[PDB]
Amino acid sequence: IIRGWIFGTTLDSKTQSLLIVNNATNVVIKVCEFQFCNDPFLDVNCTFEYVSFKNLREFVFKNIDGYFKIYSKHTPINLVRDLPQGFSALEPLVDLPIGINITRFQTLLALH
Amino acid sequence: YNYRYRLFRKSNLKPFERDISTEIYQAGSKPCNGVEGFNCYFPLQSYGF
Ligand SMILES: *[C@@H]1O[C@H](CO)[C@@H](O[C@@H]2O[C@H](CO)[C@@H](O)[C@H](O)[C@H]2NC(C)=O)[C@H](O)[C@H]1NC(C)=O
Ligand SMILES: *[C@@H]1O[C@H](CO)[C@@H](O)[C@H](O)[C@H]1NC(C)=O
Ligand SMILES: *[C@@H]1O[C@H](CO)[C@@H](O)[C@H](O)[C@H]1NC(C)=O
């Protein structure tokens, strides 16, 4: 049900805002100078663009010198309440040359 | 005048950062909000090539 993120300043993308989406066949990435969702969803002008409980998915995002850097890891789990007590390290996914003044962010959920 | 430069005002621009308009940079204390007089309008020019 959890599927993506928006990063930027206004998040409406009237000025450049990053968007990252998983659609169960691909990951899709956009920065588009066009109006984004006002109350964000997935149904159950793009200066940069790219295309590729029992589970825990971990991510790190950082934004340095116009690059946006992503790390991740996937693991089994046996606790819903708190994060696991053990140690593990995330590994790099992608490193994106986007050049954007990110200060605020929001996750995306699928809706009926 | 098809060649342009956008900024000179105050809060400066980071290495490989990019900027595109939505609300007016004005040089002082005035709520200019579309006005183009003293301190007002974008710090945005065109070259006389
Ligand atoms: C990058 O974006 C931030 C906000 O997302 C801008 O920071 C504001 O700048 C004004 C002056 O221009 C300050 O009065 C505010 O206090 C700042 N707000 C925050 C939350 O820091 C910043 O100016 C932007 N820089 C560029 C060059 O786009
Ligand atoms: C996922 O995104 C790609 C690229 O936008 C698109 O071709 C594909 O049809 C999408 N998959 C689904 C299930 O909609
Ligand atoms: C498309 O982006 C440009 C800036 O690259 C902007 O001037 C233009 O108004 C945008 N179009 C829309 C419909 O927002």
# chains A, B, ... in the order shown; residues from 1 in each chain; ligands from 1
>>> residues_around(residues="residue 28 in chain B", least_positions_apart="5", cutoff="9 Å", atoms="only C-alpha atoms", output="PyMOL selection string")
chain B and resi 38-40
>>> closest_atom_pairs(of="chain B", to="ligand 1", cutoff="9 Å", atoms="only C-alpha atoms and all ligand atoms", output="tab-separated table")
residue	atom	partner	partner_atom_place_in_ligand_line	distance
B:7	CA	ligand 1	27 (C)	8.7
B:9	CA	ligand 1	12 (O)	8.7
B:10	CA	ligand 1	12 (O)	6.6
B:11	CA	ligand 1	12 (O)	5.0
B:12	CA	ligand 1	27 (C)	5.0
B:13	CA	ligand 1	27 (C)	4.2
B:14	CA	ligand 1	27 (C)	6.8
B:17	CA	ligand 1	27 (C)	7.7
B:18	CA	ligand 1	28 (O)	7.6
B:19	CA	ligand 1	28 (O)	5.9
B:20	CA	ligand 1	28 (O)	8.5
B:25	CA	ligand 1	12 (O)	7.4
>>> interface_residues(of="chain A", to="chain B", cutoff="8 Å", atoms="only C-alpha atoms", output="NGL selection string")
:A and (14-16 or 65-66 or 99-101)
>>> residues_around(residues="residue 6 in chain A", least_positions_apart="2", cutoff="7 Å", atoms="only C-alpha atoms", output="PyMOL selection string")
chain A and resi 8+11+18-20+105-107
>>> residues_near_ligand(ligand="ligand 3", cutoff="6 Å", atoms="only C-alpha atoms and all ligand atoms", output="ChimeraX atom specification")
/A:33-34,45
>>> residues_near_ligand(ligand="ligand 2", cutoff="10 Å", atoms="only C-alpha atoms and all ligand atoms", output="PyMOL selection string")
chain A and resi 21-29+50-52
>>> write_last_selection(atoms="C-alpha atoms", output="compact mmCIF listing (two decimals), in the first residue's frame")
# COMPACT_ATOMS: atom_id res chain seq x y z
CA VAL A 21 6.95 6.08 -7.55
CA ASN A 22 6.92 2.26 -7.52
CA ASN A 23 4.06 0.85 -9.71
CA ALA A 24 4.74 -2.93 -9.13
CA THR A 25 6.35 -3.33 -12.64
CA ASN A 26 8.81 -0.37 -12.48
CA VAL A 27 10.24 2.48 -10.43
CA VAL A 28 9.54 5.89 -12.08
CA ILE A 29 11.26 9.21 -11.16
CA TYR A 50 14.06 8.17 -15.19
CA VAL A 51 12.49 4.66 -15.26
CA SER A 52 13.90 1.28 -14.06
>>> closest_residue(among="B:29, B:8, B:2, B:34", to="residue 46 in chain B", atoms="only C-alpha atoms")
B:2
>>> atom_distance(atom1="CA of residue 74 in chain A", atom2="CA of residue 109 in chain A")
19.1 Å
>>> select_by_dssp(residues="chain B", states="strand (DSSP E or B)", output="list in words")
residues 4, 5, 45 and 46 of chain B
>>> closest_residue(among="A:92, A:40, A:97, A:84", to="residue 63 in chain A", atoms="only C-alpha atoms")
A:97
>>> atom_distance(atom1="CA of residue 96 in chain A", atom2="CA of residue 3 in chain B")
27.8 Å
